[PDB]
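Q: Protein chains in written order, with full-length UniProt numbering: chain A, 1 to 57; chain B, 252 to 281, 283 to 350, 352 to 377.
Where is the CB? At the ideal position from N, CA and C, for every residue including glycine.
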């Protein structure tokens, strides 16, 4: 049962889908290792707040 | 004679399915077992529908041929044949009458003549 040229349409559709998918994975993997950059860059400010917020008796 | 006629060929597919038999019984050398002339079969038929010039009484016979598609495969032998013939076609998905009812696939469905048919009321 079914087609052939209707089985090609599906393959290629799937393929171009995987492409677009894996694209964004790598793309969103490129946005993890920039989360640190703005994660780090905030490390100091936090330290020098609890150090201030040491809390009077 | 000068009157307008309308002929509905309901299921030309079965005709071809028949004619194949007929031809295969007569042992006529057989694509898809259908005779080489299986095209000519429907060609010399639907051709006999037209609009006779007003020199002939402006008479006409409209043809509404049918074709039974398996799986909806429009690329099938018979269907390409009947299509390469008719002026336009209206393809009915069931893919739909299980939303838009009288399943009329606005996408594939064409009319060659079209627009020259509709009156100035429709046209605009």
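(1) Which whole runs of the alpha helix (DSSP H) in the segment 313 to 338 of chain B are 4 residues long or more, in chain order?
(2) Residue 256 (chain B) to residue 10 (chain A), Cα distance in whole Å?
(3) Would the beta-carbon of residue 335 (chain B) fall within 9 Å of that of residue 286 (chain B)?
(4) Between the beta-carbon of residue 260 (chain B) and the beta-carbon of residue 297 (chain B), is there less than 9 Å?
(5) Can you pull out the residues from the segment 319 to 344 of chain B whose beta carbon lies closer than 8 Å to at least one beta carbon of chain A?
(6) Answer with yes or no whether the minimum CB distance from residue 13 (chain A) to chain B is below 9 Å.
(7) Exposed or buried, residue 263 (chain B), counting other C-beta atoms within 10 Å across all chains shown (16 or more means buried)?
(8) If you follow the alpha helix (DSSP H) that residue 27 (chain A) is part of, which residue opens it and which one closes it?
A: The structure says:
(1) 329 to 335
(2) 45 Å
(3) no
(4) yes
(5) 323, 325, 327
(6) no
(7) buried
(8) 5 to 29
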